[PDB]
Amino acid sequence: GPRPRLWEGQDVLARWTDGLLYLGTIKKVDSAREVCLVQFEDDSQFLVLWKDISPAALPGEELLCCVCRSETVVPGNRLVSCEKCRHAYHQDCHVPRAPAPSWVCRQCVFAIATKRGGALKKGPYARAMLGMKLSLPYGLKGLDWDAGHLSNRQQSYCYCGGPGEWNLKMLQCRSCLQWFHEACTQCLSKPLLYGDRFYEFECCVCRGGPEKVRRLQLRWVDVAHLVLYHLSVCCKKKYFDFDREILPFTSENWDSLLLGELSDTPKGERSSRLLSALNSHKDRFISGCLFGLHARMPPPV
């Protein structure tokens, strides 16, 4: 082709595994694997799939659909322009179908409403976000999953269609088994722990409406395993000091752990039950006053 969509030196927004957009520069284009090497603002460089890369709208493209690259229009399928990014779309190249020709496209609604800890809950963008989330921008049936239904080949997740790691602040839907980004959800009261599957969750698409979520009751062994796994992933190490790291994390984040029945236990006893859990389950925990996990996987539900 004579006019690639992407090229070296191009400034782009890349969607990361948290569903959020990061400013970057293309350093290498791999047309075979359809990835680019992108350098981000902290100078880190990662491969990013073409589907997750958005360059800026350029002068001269005002009449071009940014999806199918055509200016041609027919009666029931007009061009609509986004007020925020200034890209244009055929009504039918947008998901969901865009209204007849002020309007904001799906990517911009997500860019405005997604937030670490959970998306905006209130206001016009929260409602627009909810409306976008009734539909997926990829086919669920066509995905190829590994045995545990944890990752797919396409790297298509969530309402956004971005990449993702199931153990890194994502929730799985009961009904479709797809995984969804914390940042793209609107139902959480607290940010997710890494690897935390102690929820019942049903997505907007399956419900045809707002998400539904329930935090399951944890046992003390679950608390210990969750905290230790979360720390392992956060800190990228194996062994943690109980007094300098484990217990302080648990104390300082107590209300955010959503511990249900356990949340009322006397403050002077919490250390005892936590440490007892760590000492008693040798199948889960390696002891050193340090503790680590065997083979580093999230707590089983």
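Position 1 is the first residue in the sequence shown; the rest follow in order.
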Missing from the model but present in the deposited sequence, between residue 131 and residue 132: none
Higher mean Cα B-factor in the deposited model: 290-298 or 1-9? 290-298
Got a sec? Mean C-alpha B-factor, which is higher, 144-152 or 169-177? 144-152
Whose CA atom has the top B-factor in the entry, of 42, 34, 62, 52? 62
Looking only at 163, 209, 101, 195, the Cα with the top B-factor belongs to 101
Tertile call for residue 75 (CA temperature factor, within chain, third-based) is the highest
Sort the modelled residues of this chain by their C-alpha B factor and say whether residue 258 lands in the lowest, middle or highest third. middle
Could you place residue 89 in the lowest, middle or highest third of its chain by Cα temperature factor, using the values in the record? lowest
Splitting the chain's C-alpha B-factors into thirds, which one does residue 47 fall into? lowest
Would you check the entry's CA temperature factor for residue 222 and let me know if it's in the chain's lowest, middle or highest third? highest
